[PDB]
Ligand SMILES: CC(=O)[C@H]1CC[C@H]2[C@@H]3CCC4=CC(=O)CC[C@]4(C)[C@H]3CC[C@]12C
């Protein structure tokens, strides 16, 4: 079979809790390599967390990652577990489990990565407001105050796809997210074509259809 | 097919008036690339005038010409327009329209049109034959010519037998004197071809819209 | 302490069909005692896990195309691509294993190069529905420009604002390779109603002068 | 080569035995036996593997 | 302020087969946004090099471009006969976009004597009241040359020089003498005399109005 590592899905937690991530190996002799853990923070460098040896199970950590982190093994099921206690807001990151070799010392097989997000904000639906237009005019919809990611934005139920820009979401100070979706249309068609933006946020089960019109300056 | 850019609207304009130049593009998607107007003074280096984006939202122009020129485009007819107001003698030049592409800067250039700002009056050219004397028929090659005198303004196009004769033709630059231009054009042909075959010089002056065909005839001695 | 890896440059614009070069520099000697130099090069594509490209300075991992080459020694190492393709875009970074613990470089991003282009600027005021909630968001949009470096400033009655505006940037376009930027300014209702004239000022390398888009509260 | 694969399996087994040992002398004896087996196999790659295993074992256990 | 591009050298006199180099220098960093154009006499500019190292489609391999920062170079390994032109360097790093002064390339060759022909005024110009006597000097080198008009042996003169031919690299000159009809008819002998480097004695072409 194809040599691979499989990791669990994303994790959302609140401060003070404990999380456990699994990494299952398939396709080779599990006891002839080493299992290394790597942490990637948003906008930072990859940082080696530590490694566990299959022969004896003794883990080795860097100085920065001692105490709150734990490595464990289940050799019969060919699984490695990473346990995190006393979560903070600085632990939101993506974790990879990778295989390390004993003869050339590289990391050749990597897992898909598990995302861990810690925040004290609760689930909330989005709010949609029209950025109204006022030979080419630009308009759009602003999505504000929703948590957590992600939301899907479509125009005319997917009928319009040319020139649509959907910017990545940014975290506000209060702990909620916001984004904007814009599109440019010919000026002559503003008074004839009905433009509707559809926003879908699955975790809150919220679907909103907002109609964008030229501002009634009259 | 081949990318073609064709300018029009040039010629003579009196000082203080307004000028409108057009440039038609064909052979590519006109609504996808930036379009640029550039100019060159006679005998000098190139100077950049400005450019415009596909949907006429942003226009870049040289700071020294920001208040004098207006650029526009029409994707319906594949056309680009330049308008200038209160032109002076310093604007006598040759204008090119160029395409500005995404991955190549200025890959295609037009032919360019000549703009002359002067207070003189248009005068049709005078075309005279230049036949060799009786003592100039002793060589295997013989030279004939046509003299274009007393025209204004530039340019005039001189061809020999509607462009069939292209080798051995020298066309000297015109000389300006008393607000009138004068030039001569010479052609060297084998002595066995003339006067057996007809040689005719065609002179075209678009500014005065005058086309003259003058046959080279041996001197009536 | 830990060996520090510095990579040059941070962003590398290259065109398809040409050669590219990336430099990695360590803080100290990477030559191990037994004689081998453990410097490795990894590549990561958007939305995927990193994949090994080169191991031990100049060897090539199985499956890697022959156009990748590596060289260097001491504390200077270099990776060279003879003919870039569409699938070689991503983030490349070096790593060492000669001194505990292994460390990773900052990463160099490869992107397509094209000509300069100025942005188109638009400004959107706050709607009435948001104003009924007690907040006001003003949006400034820069459309289809290149390169990535542009500066946006917010002026409220000719006073420069600071510390309440957030920016967002899209990825490079797949058809003509341009960007787009959005700047949002957030105000409370009282502060929004204390002033009249709002302006967004844009400075870009492809524009001869800064561009100001402004409006007045309550007007049209 | 079947003999090379068998020798490689034996070398890896000896390395595993050495990794979980408490007396460095026993690990040294096991590594010497592995080196002798590699020499009998007449393969430079096996000798390289044994040399690397010696370094790793001496670092981790010693 | 506008970025100033200085290009050297202004003139180049090289023989066929040699190698030439042109240097374009900026007043401040322009990264690698430099393009090199070639313009032949009387035609549109043609793009040769873009992005300071890349070669445009159809360009022969003997043209190379290099440089970075504030200095760039344009190199021709083997100059041919049809490479006579004017070359420009342009930057588009920051608006406004500025062009260099341009280098004019000229070709040397062996010295050649001129061919001299003379033409009396035509009948129609005489009917119009004027008289133009023309003297054509074709295919000589180098450009330096002296032309003298002699009416009845006694020494309204306009001189025109063509651009260097791109095939055989020679210069041709037209000398025009403009007079009134009466002045032309008051004299018979007219002589065009050429003094050139290729000879120590002037080439004399003479005609008489009475003769035809
Ligand atoms: C098998 C494995 O995962 C490899 C990857 C990185 C390797 C380590 C890299 C650093 C190192 C250097 C040495 O000289 C001793 C062995 C060690 C400590 C290596 C032991 C084996 C490791 C942990």
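Residue numbers (my numbering), protein chains in the order written: chain F, 29 to 246; chain L, 356 to 576; chain C, 180 to 399; chain U, 17 to 78; chain G, 53 to 264.
Virtual Cβ for every residue (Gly too), placed ideally from N, Cα, C.
Between the C-alpha atoms of residue i and residue j, what's the straight-line distance to the nearest angstrom?
| i | j | result |
| --- | --- | --- |
| residue 69(G) | residue 58(G) | 27 Å |
| residue 283(C) | residue 180(C) | 14 Å |
| residue 417(L) | residue 100(G) | 25 Å |
| residue 323(C) | residue 233(C) | 37 Å |
| residue 172(G) | residue 533(L) | 23 Å |
| residue 180(F) | residue 232(F) | 13 Å |
| residue 490(L) | residue 168(G) | 12 Å |
| residue 570(L) | residue 160(G) | 38 Å |
| residue 128(F) | residue 78(F) | 11 Å |
| residue 413(L) | residue 330(C) | 17 Å |
| residue 65(G) | residue 540(L) | 28 Å |
| residue 407(L) | residue 110(G) | 28 Å |
| residue 83(F) | residue 221(C) | 28 Å |
| residue 385(C) | residue 411(L) | 16 Å |
| residue 377(L) | residue 359(L) | 14 Å |
| residue 426(L) | residue 391(L) | 9 Å |
| residue 156(F) | residue 246(C) | 50 Å |
| residue 492(L) | residue 544(L) | 12 Å |
| residue 191(F) | residue 54(F) | 44 Å |
| residue 319(L) | residue 102(G) | Nothing about residue 319(L) can be reported from this structure: the residues present for chain L run from 356 to 576 only. |
| residue 49(F) | residue 226(C) | 20 Å |
| residue 308(C) | residue 182(F) | 21 Å |
| residue 443(L) | residue 264(C) | 52 Å |
| residue 573(L) | residue 488(L) | 9 Å |
| residue 68(U) | residue 241(C) | 21 Å |
| residue 390(C) | residue 273(C) | 41 Å |
Apart from the five residues just before and just after residue i, which ones in its own chain have a Cβ nearer than 7 Å to its Cβ?
| i | result |
| --- | --- |
| residue 223(C) | 229, 269, 270 |
| residue 560(L) | 479, 480, 506, 511 |
| residue 137(F) | 31, 33, 126, 127 |
| residue 188(G) | 169, 226 |
| residue 40(U) | 77, 78 |
Is residue i close to ligand 1? I mean its beta-carbon at under 7 Å from any heavy atom of the ligand.
| i | result |
| --- | --- |
| residue 214(C) | no |
| residue 28(U) | no |
| residue 272(F) | Lying before the first or after the last residue shown, residue 272(F) is absent from chain F, which here runs from 29 to 246. |
| residue 62(F) | yes |
| residue 279(C) | yes |
| residue 133(F) | yes |
| residue 183(F) | no |
| residue 79(F) | yes |
| residue 75(U) | yes |
| residue 72(U) | yes |
| residue 205(C) | no |
Leaving out the 5 sequence neighbours to the left and right, which residues in its chain are closer than 8 Å to residue i when beta-carbon positions are compared?
| i | result |
| --- | --- |
| residue 257(C) | 200, 201, 202, 203, 249, 250, 251 |
| residue 371(C) | 305, 310, 315, 396 |
| residue 528(L) | 538 |
Who are the near neighbours of residue i in its chain, counting only those whose CB is closer than 6 Å to its CB and skipping five residues on each side?
| i | result |
| --- | --- |
| residue 258(G) | 243 |
| residue 75(G) | 60, 125 |
| residue 192(C) | 290, 292 |
| residue 113(F) | 46, 96 |
I believe residue i touches residue j by the beta-carbon criterion, under 8 Å. Please report the beta-carbon distance rounded to the nearest angstrom.
| i | j | result |
| --- | --- | --- |
| residue 148(G) | residue 389(L) | Between residue 389(L) and residue 148(G) the Cβ distance is about 15 Å, and since that is not below 8 Å, they are no contact. |
| residue 156(G) | residue 138(G) | 5 Å |
| residue 525(L) | residue 214(G) | 6 Å |
| residue 485(L) | residue 500(L) | 3 Å |
| residue 379(L) | residue 434(L) | 6 Å |
| residue 339(C) | residue 348(C) | The Cβ separation is near 22 Å, so there is no contact. |
The stretch 81–94 of chain G in contact with the stretch 144–153 of chain G per 3-pair CB rule at 8 Å: yes
Kindly confirm or deny that the stretch 118–137 of chain F and the stretch 188–207 of chain F touch, where touching means at least three C-beta pairs closer than 8 Å. no
Counting pairs of beta carbons, one from the stretch 448–462 of chain L and one from the stretch 394–408 of chain L, are three or more of them closer than 8 Å? yes
Would you call the stretch 276–291 of chain C and the stretch 144–159 of chain F in contact, with 3 or more CB pairs under 8 Å? no
Decide yes or no for the touch test of the stretch 361–369 of chain C against the stretch 31–48 of chain U: beta carbon pairs closer than 8 Å, at least 3 of them. no
Can you find at least 3 beta carbon pairs, one from the stretch 175–189 of chain G and one from the stretch 111–123 of chain G, that sit closer than 8 Å? no
Within the chosen definition, does the stretch 156–166 of chain F reach the stretch 60–72 of chain F through at least 3 CB pairs nearer than 8 Å? no
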